[PDB]
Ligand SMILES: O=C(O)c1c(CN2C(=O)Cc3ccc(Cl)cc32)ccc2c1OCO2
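Form deposited without this ligand, single chain, as structure tokens, below.
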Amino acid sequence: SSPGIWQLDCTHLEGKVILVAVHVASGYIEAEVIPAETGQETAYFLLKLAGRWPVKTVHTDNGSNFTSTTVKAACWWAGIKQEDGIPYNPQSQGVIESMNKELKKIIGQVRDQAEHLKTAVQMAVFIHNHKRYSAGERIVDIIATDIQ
């Protein structure tokens, strides 16, 4: 069911990890900076996400997070169906790749306006979600239509 499908994505910058959740149908993103990708961090990030949007299905970003008992516990707790992120439609490798590139571009464009990477990442999330409908507008419409 389209409105509740999200994809996890992990990318690297400045020796740190940027963990991303993409709402597949809209292109809307949430992101956080962490020292490294662990089951613990991934579990906590999904809990945050699911308290904020109606997350039904998550395509995990790799097999370690798919396997993680802590990630499984969070998915059970929050009512999320955990799936693999295997691009059976191969335009997912590329589409995610393109987003990471775009995200990194925006980060570079704002980088000097903040001391800490996490701040620049949130600025980039803001710009990405507001860019013109915007991704922010699309996700709200998709989910509102699903409630109605």
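Counting begins at 1, following the sequence as shown.
Not pictured, yet referred to below: the form deposited with this ligand bound.
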State yes or no: in the deposited complex, is some non-hydrogen atom of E102 no more than 4.5 angstroms from a non-hydrogen atom of this ligand?
yes
Residue-level question: is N89 within 4.5 Å of this ligand in the deposited complex, judged on heavy atoms?
no
Given that this ligand is not shown alongside this chain, does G85 nevertheless sit within 4.5 Å of it in the deposited complex, heavy atom to heavy atom?
no
Stretch 121-141 - residues with a heavy atom within 4.5 Å of this ligand in the deposited complex
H128
